[PDB]
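Trainee: Below you'll find final_37.tsv; it's TSV, N, CA and C atoms.
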chain	number	residue	atom	x	y	z
B	117	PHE	N	-69.91	34.70	29.66
B	117	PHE	CA	-68.82	35.62	29.38
B	117	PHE	C	-68.86	36.85	30.27
B	118	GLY	N	-69.65	36.83	31.34
B	118	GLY	CA	-69.74	37.98	32.21
B	118	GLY	C	-68.60	38.06	33.20
B	119	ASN	N	-68.41	39.27	33.74
B	119	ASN	CA	-67.36	39.55	34.72
B	119	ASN	C	-65.97	39.23	34.16
B	120	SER	N	-65.80	39.39	32.85
B	120	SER	CA	-64.52	39.15	32.17
B	120	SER	C	-63.99	37.74	32.44
B	121	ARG	N	-64.89	36.78	32.62
B	121	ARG	CA	-64.49	35.42	32.95
B	121	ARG	C	-63.95	34.66	31.75
B	122	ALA	N	-63.94	35.26	30.57
B	122	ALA	CA	-63.39	34.61	29.39
B	122	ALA	C	-62.34	35.44	28.67
B	123	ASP	N	-62.08	36.67	29.10
B	123	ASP	CA	-61.04	37.47	28.48
B	123	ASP	C	-59.69	36.78	28.62
B	124	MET	N	-58.81	37.03	27.66
B	124	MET	CA	-57.55	36.32	27.59
B	124	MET	C	-56.54	37.18	26.85
B	125	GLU	N	-55.28	37.05	27.24
B	125	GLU	CA	-54.21	37.79	26.58
B	125	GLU	C	-52.88	37.14	26.93
B	126	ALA	N	-52.12	36.72	25.92
B	126	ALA	CA	-50.86	36.04	26.15
B	126	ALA	C	-49.87	36.41	25.06
B	127	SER	N	-48.59	36.33	25.41
B	127	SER	CA	-47.50	36.66	24.51
B	127	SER	C	-46.38	35.65	24.70
B	128	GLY	N	-45.50	35.56	23.72
B	128	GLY	CA	-44.38	34.65	23.80
B	128	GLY	C	-43.36	34.95	22.74
B	129	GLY	N	-42.09	34.72	23.08
B	129	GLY	CA	-41.00	34.99	22.16
B	129	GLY	C	-39.85	34.03	22.38
B	130	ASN	N	-39.00	33.94	21.37
B	130	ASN	CA	-37.83	33.08	21.42
B	130	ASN	C	-36.88	33.48	20.30
B	131	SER	N	-35.59	33.46	20.59
B	131	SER	CA	-34.59	33.92	19.64
B	131	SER	C	-33.30	33.14	19.83
B	132	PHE	N	-32.51	33.04	18.77
B	132	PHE	CA	-31.21	32.41	18.86
B	132	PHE	C	-30.36	32.83	17.67
B	133	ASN	N	-29.08	33.08	17.92
B	133	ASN	CA	-28.14	33.51	16.89
B	133	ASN	C	-26.76	33.00	17.24
B	134	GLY	N	-26.19	32.13	16.40
B	134	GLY	CA	-24.84	31.68	16.58
B	134	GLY	C	-24.05	31.86	15.30
B	135	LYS	N	-22.74	31.99	15.44
B	135	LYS	CA	-21.88	32.20	14.28
B	135	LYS	C	-20.44	31.94	14.68
B	136	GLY	N	-19.59	31.82	13.68
B	136	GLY	CA	-18.18	31.59	13.93
B	136	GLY	C	-17.41	31.57	12.63
B	137	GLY	N	-16.09	31.52	12.76
B	137	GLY	CA	-15.22	31.50	11.60
B	137	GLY	C	-13.77	31.40	12.02
B	138	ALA	N	-12.91	31.31	11.01
B	138	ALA	CA	-11.47	31.22	11.21
B	138	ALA	C	-10.78	31.47	9.89
B	139	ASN	N	-9.49	31.78	9.96
B	139	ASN	CA	-8.70	31.94	8.75
B	139	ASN	C	-7.22	31.87	9.10
B	140	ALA	N	-6.40	31.74	8.07
B	140	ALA	CA	-4.96	31.65	8.23
B	140	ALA	C	-4.31	32.02	6.91
B	141	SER	N	-3.06	32.46	6.99
B	141	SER	CA	-2.35	32.89	5.80
B	141	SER	C	-0.86	32.90	6.08
B	142	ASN	N	-0.07	32.92	5.01
B	142	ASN	CA	1.37	33.07	5.14
B	142	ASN	C	1.96	33.36	3.78
B	143	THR	N	3.04	34.14	3.77
B	143	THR	CA	3.79	34.45	2.56
B	143	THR	C	5.28	34.27	2.84
B	144	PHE	N	6.06	34.25	1.76
B	144	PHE	CA	7.51	34.12	1.85
B	144	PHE	C	8.13	34.46	0.50
B	145	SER	N	9.17	35.29	0.50
B	145	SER	CA	9.81	35.72	-0.73
B	145	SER	C	11.31	35.86	-0.51
B	146	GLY	N	12.09	35.31	-1.43
B	146	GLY	CA	13.53	35.44	-1.34
B	146	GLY	C	14.23	34.48	-2.28
B	147	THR	N	15.55	34.41	-2.13
B	147	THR	CA	16.38	33.55	-2.96
B	147	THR	C	17.48	32.96	-2.10
B	148	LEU	N	17.78	31.69	-2.33
B	148	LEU	CA	18.75	31.00	-1.48
B	148	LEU	C	19.38	29.86	-2.26
B	149	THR	N	20.70	29.75	-2.22
B	149	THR	CA	21.41	28.69	-2.92
B	149	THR	C	21.70	27.54	-1.97
B	150	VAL	N	21.27	26.34	-2.36
B	150	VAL	CA	21.40	25.15	-1.54
B	150	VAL	C	22.34	24.17	-2.22
B	151	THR	N	22.63	23.06	-1.54
B	151	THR	CA	23.60	22.08	-1.98
B	151	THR	C	22.97	20.70	-1.94
B	152	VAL	N	23.31	19.87	-2.92
B	152	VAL	CA	22.84	18.49	-2.97
B	152	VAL	C	23.63	17.67	-1.96
B	153	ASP	N	22.92	16.93	-1.11
B	153	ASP	CA	23.58	16.08	-0.13
B	153	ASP	C	23.28	14.60	-0.33
B	154	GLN	N	22.40	14.25	-1.25
B	154	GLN	CA	22.11	12.85	-1.53
B	154	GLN	C	21.37	12.76	-2.85
B	155	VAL	N	21.65	11.69	-3.59
B	155	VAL	CA	20.95	11.39	-4.84
B	155	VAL	C	20.11	10.14	-4.60
B	156	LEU	N	18.80	10.27	-4.79
B	156	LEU	CA	17.90	9.18	-4.49
B	156	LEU	C	17.91	8.15	-5.61
B	157	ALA	N	17.22	7.03	-5.37
B	157	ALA	CA	17.27	5.89	-6.28
B	157	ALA	C	16.59	6.15	-7.61
B	158	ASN	N	15.80	7.22	-7.73
B	158	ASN	CA	15.09	7.51	-8.97
B	158	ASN	C	15.57	8.81	-9.61
B	159	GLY	N	16.70	9.34	-9.16
B	159	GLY	CA	17.26	10.54	-9.74
B	159	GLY	C	16.94	11.81	-8.99
B	160	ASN	N	16.00	11.78	-8.06
B	160	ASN	CA	15.69	12.97	-7.28
B	160	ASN	C	16.87	13.36	-6.40
B	161	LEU	N	16.94	14.64	-6.07
B	161	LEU	CA	18.06	15.19	-5.32
B	161	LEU	C	17.56	15.73	-3.99
B	162	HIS	N	18.15	15.27	-2.90
B	162	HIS	CA	17.89	15.86	-1.59
B	162	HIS	C	18.83	17.04	-1.39
B	163	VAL	N	18.27	18.21	-1.08
B	163	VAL	CA	19.03	19.44	-1.00
B	163	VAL	C	18.86	20.06	0.38
B	164	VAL	N	19.94	20.66	0.87
B	164	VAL	CA	19.95	21.37	2.15
B	164	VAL	C	20.72	22.67	1.96
B	165	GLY	N	20.36	23.68	2.74
B	165	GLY	CA	21.04	24.95	2.62
B	165	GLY	C	20.80	25.84	3.81
B	166	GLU	N	21.74	26.76	4.03
B	166	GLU	CA	21.66	27.69	5.14
B	166	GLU	C	22.37	28.98	4.78
B	167	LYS	N	21.77	30.10	5.16
B	167	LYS	CA	22.35	31.42	4.97
B	167	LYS	C	22.28	32.17	6.29
B	168	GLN	N	23.40	32.76	6.70
B	168	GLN	CA	23.50	33.46	7.97
B	168	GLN	C	23.90	34.90	7.73
B	169	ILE	N	23.12	35.84	8.25
B	169	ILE	CA	23.41	37.25	8.12
B	169	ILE	C	23.55	37.85	9.51
B	170	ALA	N	24.37	38.90	9.63
B	170	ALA	CA	24.59	39.57	10.91
B	170	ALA	C	24.72	41.07	10.64
B	171	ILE	N	23.61	41.79	10.74
B	171	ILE	CA	23.59	43.22	10.46
B	171	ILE	C	23.63	43.95	11.80
B	172	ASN	N	24.85	44.19	12.27
B	172	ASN	CA	25.18	45.22	13.25
B	172	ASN	C	24.73	44.93	14.67
B	173	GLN	N	23.77	44.03	14.89
B	173	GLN	CA	23.45	43.72	16.27
B	173	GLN	C	23.23	42.24	16.55
B	174	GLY	N	22.58	41.54	15.63
B	174	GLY	CA	22.20	40.17	15.91
B	174	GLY	C	22.63	39.21	14.83
O	117	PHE	N	-52.13	28.95	35.15
O	117	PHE	CA	-51.29	30.08	34.76
O	117	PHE	C	-51.56	31.32	35.60
O	118	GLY	N	-52.26	31.18	36.72
O	118	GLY	CA	-52.56	32.33	37.54
O	118	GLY	C	-51.41	32.72	38.45
O	119	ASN	N	-51.47	33.96	38.92
O	119	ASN	CA	-50.45	34.52	39.81
O	119	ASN	C	-49.06	34.50	39.17
O	120	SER	N	-49.01	34.61	37.85
O	120	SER	CA	-47.75	34.63	37.10
O	120	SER	C	-46.90	33.40	37.38
O	121	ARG	N	-47.55	32.27	37.66
O	121	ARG	CA	-46.83	31.05	38.02
O	121	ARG	C	-46.21	30.36	36.82
O	122	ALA	N	-46.40	30.88	35.61
O	122	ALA	CA	-45.79	30.31	34.42
O	122	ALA	C	-44.99	31.31	33.60
O	123	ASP	N	-45.00	32.59	33.96
O	123	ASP	CA	-44.20	33.56	33.23
O	123	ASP	C	-42.73	33.20	33.31
O	124	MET	N	-41.98	33.60	32.28
O	124	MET	CA	-40.60	33.18	32.16
O	124	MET	C	-39.86	34.20	31.31
O	125	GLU	N	-38.58	34.38	31.61
O	125	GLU	CA	-37.74	35.30	30.85
O	125	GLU	C	-36.29	34.98	31.13
O	126	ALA	N	-35.52	34.69	30.09
O	126	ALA	CA	-34.12	34.31	30.26
O	126	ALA	C	-33.31	34.84	29.09
O	127	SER	N	-32.02	35.07	29.35
O	127	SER	CA	-31.09	35.58	28.37
O	127	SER	C	-29.77	34.85	28.52
O	128	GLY	N	-28.95	34.91	27.48
O	128	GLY	CA	-27.65	34.28	27.52
O	128	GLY	C	-26.78	34.74	26.38
O	129	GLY	N	-25.48	34.82	26.64
O	129	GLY	CA	-24.53	35.27	25.64
O	129	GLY	C	-23.19	34.61	25.81
O	130	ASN	N	-22.40	34.66	24.75
O	130	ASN	CA	-21.06	34.08	24.75
O	130	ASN	C	-20.30	34.62	23.55
O	131	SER	N	-19.02	34.91	23.75
O	131	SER	CA	-18.21	35.53	22.71
O	131	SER	C	-16.77	35.06	22.85
O	132	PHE	N	-16.04	35.09	21.74
O	132	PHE	CA	-14.62	34.77	21.77
O	132	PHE	C	-13.97	35.29	20.50
O	133	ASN	N	-12.76	35.84	20.65
O	133	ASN	CA	-12.01	36.42	19.54
O	133	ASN	C	-10.53	36.24	19.82
O	134	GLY	N	-9.83	35.48	18.97
O	134	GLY	CA	-8.40	35.36	19.08
O	134	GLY	C	-7.75	35.63	17.73
O	135	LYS	N	-6.50	36.06	17.78
O	135	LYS	CA	-5.78	36.39	16.56
O	135	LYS	C	-4.30	36.48	16.86
O	136	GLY	N	-3.50	36.50	15.81
O	136	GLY	CA	-2.06	36.60	15.97
O	136	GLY	C	-1.38	36.69	14.62
O	137	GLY	N	-0.08	36.93	14.67
O	137	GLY	CA	0.70	37.04	13.44
O	137	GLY	C	2.15	37.30	13.76
O	138	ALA	N	2.95	37.34	12.70
O	138	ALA	CA	4.38	37.59	12.81
O	138	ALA	C	4.92	37.92	11.43
O	139	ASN	N	6.11	38.51	11.39
O	139	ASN	CA	6.77	38.77	10.13
O	139	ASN	C	8.24	39.06	10.38
O	140	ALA	N	9.01	39.05	9.30
O	140	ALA	CA	10.44	39.29	9.36
O	140	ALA	C	10.91	39.73	7.98
O	141	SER	N	12.03	40.44	7.95
O	141	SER	CA	12.55	40.95	6.70
O	141	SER	C	14.01	41.30	6.88
O	142	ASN	N	14.71	41.45	5.76
O	142	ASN	CA	16.09	41.92	5.78
O	142	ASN	C	16.52	42.26	4.36
O	143	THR	N	17.39	43.25	4.25
O	143	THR	CA	17.98	43.65	2.98
O	143	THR	C	19.48	43.84	3.16
O	144	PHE	N	20.18	43.93	2.03
O	144	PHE	CA	21.62	44.13	2.02
O	144	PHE	C	22.07	44.52	0.63
O	145	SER	N	22.90	45.56	0.52
O	145	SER	CA	23.35	46.06	-0.77
O	145	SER	C	24.78	46.53	-0.67
O	146	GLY	N	25.61	46.13	-1.62
O	146	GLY	CA	26.99	46.58	-1.64
O	146	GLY	C	27.83	45.74	-2.58
O	147	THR	N	29.14	45.98	-2.52
O	147	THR	CA	30.09	45.29	-3.37
O	147	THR	C	31.35	45.00	-2.57
O	148	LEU	N	31.92	43.82	-2.76
O	148	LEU	CA	33.06	43.42	-1.96
O	148	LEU	C	33.89	42.40	-2.72
O	149	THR	N	35.20	42.60	-2.77
O	149	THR	CA	36.09	41.69	-3.48
O	149	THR	C	36.68	40.68	-2.51
O	150	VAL	N	36.52	39.40	-2.82
O	150	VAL	CA	36.96	38.31	-1.96
O	150	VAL	C	38.06	37.52	-2.66
O	151	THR	N	38.63	36.55	-1.96
O	151	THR	CA	39.77	35.79	-2.43
O	151	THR	C	39.47	34.30	-2.28
O	152	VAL	N	39.94	33.52	-3.25
O	152	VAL	CA	39.79	32.07	-3.21
O	152	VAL	C	40.80	31.50	-2.23
O	153	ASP	N	40.33	30.68	-1.30
O	153	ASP	CA	41.22	30.05	-0.34
O	153	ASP	C	41.25	28.54	-0.45
O	154	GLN	N	40.42	27.94	-1.30
O	154	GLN	CA	40.44	26.50	-1.50
O	154	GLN	C	39.66	26.17	-2.76
O	155	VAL	N	40.13	25.15	-3.47
O	155	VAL	CA	39.45	24.63	-4.65
O	155	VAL	C	38.93	23.25	-4.31
O	156	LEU	N	37.62	23.07	-4.41
O	156	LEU	CA	37.00	21.82	-4.00
O	156	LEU	C	37.17	20.76	-5.08
O	157	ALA	N	36.78	19.53	-4.74
O	157	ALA	CA	37.03	18.38	-5.60
O	157	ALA	C	36.22	18.41	-6.89
O	158	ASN	N	35.21	19.26	-7.00
O	158	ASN	CA	34.39	19.32	-8.20
O	158	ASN	C	34.52	20.65	-8.92
O	159	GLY	N	35.52	21.45	-8.58
O	159	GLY	CA	35.77	22.71	-9.24
O	159	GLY	C	35.21	23.92	-8.53
O	160	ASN	N	34.36	23.73	-7.53
O	160	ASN	CA	33.83	24.86	-6.78
O	160	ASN	C	34.94	25.55	-6.00
O	161	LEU	N	34.74	26.83	-5.73
O	161	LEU	CA	35.74	27.66	-5.08
O	161	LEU	C	35.21	28.15	-3.75
O	162	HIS	N	35.96	27.90	-2.68
O	162	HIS	CA	35.65	28.48	-1.38
O	162	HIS	C	36.31	29.85	-1.30
O	163	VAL	N	35.52	30.88	-1.00
O	163	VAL	CA	35.98	32.26	-1.02
O	163	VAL	C	35.76	32.89	0.34
O	164	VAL	N	36.70	33.75	0.73
O	164	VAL	CA	36.62	34.52	1.97
O	164	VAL	C	37.06	35.94	1.68
O	165	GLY	N	36.53	36.89	2.44
O	165	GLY	CA	36.90	38.27	2.22
O	165	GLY	C	36.54	39.15	3.39
O	166	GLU	N	37.26	40.26	3.50
O	166	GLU	CA	37.04	41.21	4.58
O	166	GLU	C	37.41	42.61	4.12
O	167	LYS	N	36.59	43.58	4.49
O	167	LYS	CA	36.84	44.99	4.20
O	167	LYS	C	36.69	45.77	5.49
O	168	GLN	N	37.67	46.62	5.80
O	168	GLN	CA	37.68	47.40	7.03
O	168	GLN	C	37.73	48.88	6.71
O	169	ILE	N	36.79	49.64	7.24
O	169	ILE	CA	36.75	51.08	7.03
O	169	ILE	C	36.83	51.77	8.38
O	170	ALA	N	37.39	52.97	8.40
O	170	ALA	CA	37.53	53.75	9.63
O	170	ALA	C	37.30	55.22	9.29
O	171	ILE	N	36.07	55.68	9.44
O	171	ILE	CA	35.70	57.06	9.10
O	171	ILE	C	35.66	57.85	10.41
O	172	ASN	N	36.82	58.38	10.78
O	172	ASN	CA	36.97	59.51	11.69
O	172	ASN	C	36.68	59.21	13.15
O	173	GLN	N	35.96	58.13	13.47
O	173	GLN	CA	35.80	57.83	14.89
O	173	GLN	C	35.94	56.36	15.24
O	174	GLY	N	35.41	55.48	14.40
O	174	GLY	CA	35.36	54.08	14.76
O	174	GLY	C	35.94	53.18	13.69
Any chance you could give the structure as structure tokens?
Mentor:
Amino acid sequence: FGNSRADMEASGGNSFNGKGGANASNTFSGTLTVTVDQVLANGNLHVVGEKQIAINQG
Amino acid sequence: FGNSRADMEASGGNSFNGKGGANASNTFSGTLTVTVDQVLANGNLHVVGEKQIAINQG
């Protein structure tokens, strides 16, 4: 063990970090009167409707 | 492992961020008297109406 022939010193490290995410949303509020355009074979009603507004520019 | 022939050091990164949205709205308030211009085959009434105002310039 003379002349520092056995001394030793070492270090080491390692790291990792990952992450992620996502989201989505939507809302809707109002009232609209539609019209029946077809009566299906089991009594259900197919309905369609449209409302058009024009306030001063568009 | 002499002469730093095995030392090592590395880094790395990565990032991403996206987003978006939209919205719409409309209101309307008032009173207007319209006139029946047709009676449909099931009793419904087709109505039309117009009101014209002219306050001092337009």
Trainee: As a JSON list (two decimals) with N, CA and C atoms, in the coordinates of the input, please: the residues near residue 162 in chain B (cut-off 5 Å, all atoms listed in the file, same-chain neighbours under 4 positions excluded).
Mentor:
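Output below, filename part33.json:
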[["chain", "number", "residue", "atom", "x", "y", "z"],
["B", 152, "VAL", "N", 23.31, 19.87, -2.92],
["B", 152, "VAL", "CA", 22.84, 18.49, -2.97],
["B", 152, "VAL", "C", 23.63, 17.67, -1.96],
["B", 153, "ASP", "N", 22.92, 16.93, -1.11],
["B", 153, "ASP", "CA", 23.58, 16.08, -0.13],
["B", 153, "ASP", "C", 23.28, 14.60, -0.33],
["B", 154, "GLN", "N", 22.40, 14.25, -1.25],
["B", 154, "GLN", "CA", 22.11, 12.85, -1.53],
["B", 154, "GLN", "C", 21.37, 12.76, -2.85]]
Trainee: With all atoms listed in the file counted, which protein, DNA or RNA residues have an atom no more than 8 Å from (21.2, 28.9, 5.3) in the file frame? Please answer as a VMD selection string.
Mentor: chain B and resid 148 to 150 164 to 169
Trainee: So what do you get for CA of residue 151 in chain O versus CA of residue 171 in chain B, distance-wise?
Mentor: 22.0 Å
Trainee: Between B:134, B:155, B:173, B:161, which one has atoms that come closest to chain O, using only C-alpha atoms?
Mentor: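 Using only C-alpha atoms, chain O sits closest to B:134.
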Trainee: Just give me the gap between atom C of residue 141 in chain B and CA of residue 137 in chain O in Å, one decimal is fine.
Mentor: 8.6 Å
Trainee: CA of residue 132 in chain B to atom N of residue 131 in chain O: how many Å, to one decimal?
Mentor: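 Distance reported for this atom pair: 13.4 Å.
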Trainee: For chain O, work out the contacting residues on chain B at 12 Å, counting only C-alpha atoms, and write them as an mmCIF file with N, CA and C atoms, keeping the file's coordinate frame.
Mentor:
data_model
loop_
_atom_site.group_PDB
_atom_site.id
_atom_site.type_symbol
_atom_site.label_atom_id
_atom_site.label_comp_id
_atom_site.auth_asym_id
_atom_site.auth_seq_id
_atom_site.Cartn_x
_atom_site.Cartn_y
_atom_site.Cartn_z
ATOM 1 N N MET B 124 -58.810 37.030 27.660
ATOM 2 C CA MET B 124 -57.550 36.320 27.590
ATOM 3 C C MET B 124 -56.540 37.180 26.850
ATOM 4 N N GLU B 125 -55.280 37.050 27.240
ATOM 5 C CA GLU B 125 -54.210 37.790 26.580
ATOM 6 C C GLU B 125 -52.880 37.140 26.930
ATOM 7 N N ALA B 126 -52.120 36.720 25.920
ATOM 8 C CA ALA B 126 -50.860 36.040 26.150
ATOM 9 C C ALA B 126 -49.870 36.410 25.060
ATOM 10 N N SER B 127 -48.590 36.330 25.410
ATOM 11 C CA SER B 127 -47.500 36.660 24.510
ATOM 12 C C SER B 127 -46.380 35.650 24.700
ATOM 13 N N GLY B 128 -45.500 35.560 23.720
ATOM 14 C CA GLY B 128 -44.380 34.650 23.800
ATOM 15 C C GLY B 128 -43.360 34.950 22.740
ATOM 16 N N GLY B 129 -42.090 34.720 23.080
ATOM 17 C CA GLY B 129 -41.000 34.990 22.160
ATOM 18 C C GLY B 129 -39.850 34.030 22.380
ATOM 19 N N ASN B 130 -39.000 33.940 21.370
ATOM 20 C CA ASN B 130 -37.830 33.080 21.420
ATOM 21 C C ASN B 130 -36.880 33.480 20.300
ATOM 22 N N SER B 131 -35.590 33.460 20.590
ATOM 23 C CA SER B 131 -34.590 33.920 19.640
ATOM 24 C C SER B 131 -33.300 33.140 19.830
ATOM 25 N N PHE B 132 -32.510 33.040 18.770
ATOM 26 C CA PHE B 132 -31.210 32.410 18.860
ATOM 27 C C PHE B 132 -30.360 32.830 17.670
ATOM 28 N N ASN B 133 -29.080 33.080 17.920
ATOM 29 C CA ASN B 133 -28.140 33.510 16.890
ATOM 30 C C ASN B 133 -26.760 33.000 17.240
ATOM 31 N N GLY B 134 -26.190 32.130 16.400
ATOM 32 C CA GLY B 134 -24.840 31.680 16.580
ATOM 33 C C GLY B 134 -24.050 31.860 15.300
ATOM 34 N N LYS B 135 -22.740 31.990 15.440
ATOM 35 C CA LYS B 135 -21.880 32.200 14.280
ATOM 36 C C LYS B 135 -20.440 31.940 14.680
ATOM 37 N N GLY B 136 -19.590 31.820 13.680
ATOM 38 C CA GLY B 136 -18.180 31.590 13.930
ATOM 39 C C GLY B 136 -17.410 31.570 12.630
ATOM 40 N N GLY B 137 -16.090 31.520 12.760
ATOM 41 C CA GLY B 137 -15.220 31.500 11.600
ATOM 42 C C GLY B 137 -13.770 31.400 12.020
ATOM 43 N N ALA B 138 -12.910 31.310 11.010
ATOM 44 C CA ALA B 138 -11.470 31.220 11.210
ATOM 45 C C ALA B 138 -10.780 31.470 9.890
ATOM 46 N N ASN B 139 -9.490 31.780 9.960
ATOM 47 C CA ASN B 139 -8.700 31.940 8.750
ATOM 48 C C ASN B 139 -7.220 31.870 9.100
ATOM 49 N N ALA B 140 -6.400 31.740 8.070
ATOM 50 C CA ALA B 140 -4.960 31.650 8.230
ATOM 51 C C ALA B 140 -4.310 32.020 6.910
ATOM 52 N N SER B 141 -3.060 32.460 6.990
ATOM 53 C CA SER B 141 -2.350 32.890 5.800
ATOM 54 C C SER B 141 -0.860 32.900 6.080
ATOM 55 N N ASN B 142 -0.070 32.920 5.010
ATOM 56 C CA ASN B 142 1.370 33.070 5.140
ATOM 57 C C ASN B 142 1.960 33.360 3.780
ATOM 58 N N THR B 143 3.040 34.140 3.770
ATOM 59 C CA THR B 143 3.790 34.450 2.560
ATOM 60 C C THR B 143 5.280 34.270 2.840
ATOM 61 N N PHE B 144 6.060 34.250 1.760
ATOM 62 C CA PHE B 144 7.510 34.120 1.850
ATOM 63 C C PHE B 144 8.130 34.460 0.500
ATOM 64 N N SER B 145 9.170 35.290 0.500
ATOM 65 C CA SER B 145 9.810 35.720 -0.730
ATOM 66 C C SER B 145 11.310 35.860 -0.510
ATOM 67 N N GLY B 146 12.090 35.310 -1.430
ATOM 68 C CA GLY B 146 13.530 35.440 -1.340
ATOM 69 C C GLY B 146 14.230 34.480 -2.280
ATOM 70 N N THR B 147 15.550 34.410 -2.130
ATOM 71 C CA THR B 147 16.380 33.550 -2.960
ATOM 72 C C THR B 147 17.480 32.960 -2.100
ATOM 73 N N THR B 151 22.630 23.060 -1.540
ATOM 74 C CA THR B 151 23.600 22.080 -1.980
ATOM 75 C C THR B 151 22.970 20.700 -1.940
ATOM 76 N N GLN B 168 23.400 32.760 6.700
ATOM 77 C CA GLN B 168 23.500 33.460 7.970
ATOM 78 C C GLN B 168 23.900 34.900 7.730
ATOM 79 N N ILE B 169 23.120 35.840 8.250
ATOM 80 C CA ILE B 169 23.410 37.250 8.120
ATOM 81 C C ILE B 169 23.550 37.850 9.510
ATOM 82 N N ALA B 170 24.370 38.900 9.630
ATOM 83 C CA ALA B 170 24.590 39.570 10.910
ATOM 84 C C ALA B 170 24.720 41.070 10.640
ATOM 85 N N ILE B 171 23.610 41.790 10.740
ATOM 86 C CA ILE B 171 23.590 43.220 10.460
ATOM 87 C C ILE B 171 23.630 43.950 11.800
ATOM 88 N N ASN B 172 24.850 44.190 12.270
ATOM 89 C CA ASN B 172 25.180 45.220 13.250
ATOM 90 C C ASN B 172 24.730 44.930 14.670
ATOM 91 N N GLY B 174 22.580 41.540 15.630
ATOM 92 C CA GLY B 174 22.200 40.170 15.910
ATOM 93 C C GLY B 174 22.630 39.210 14.830
#
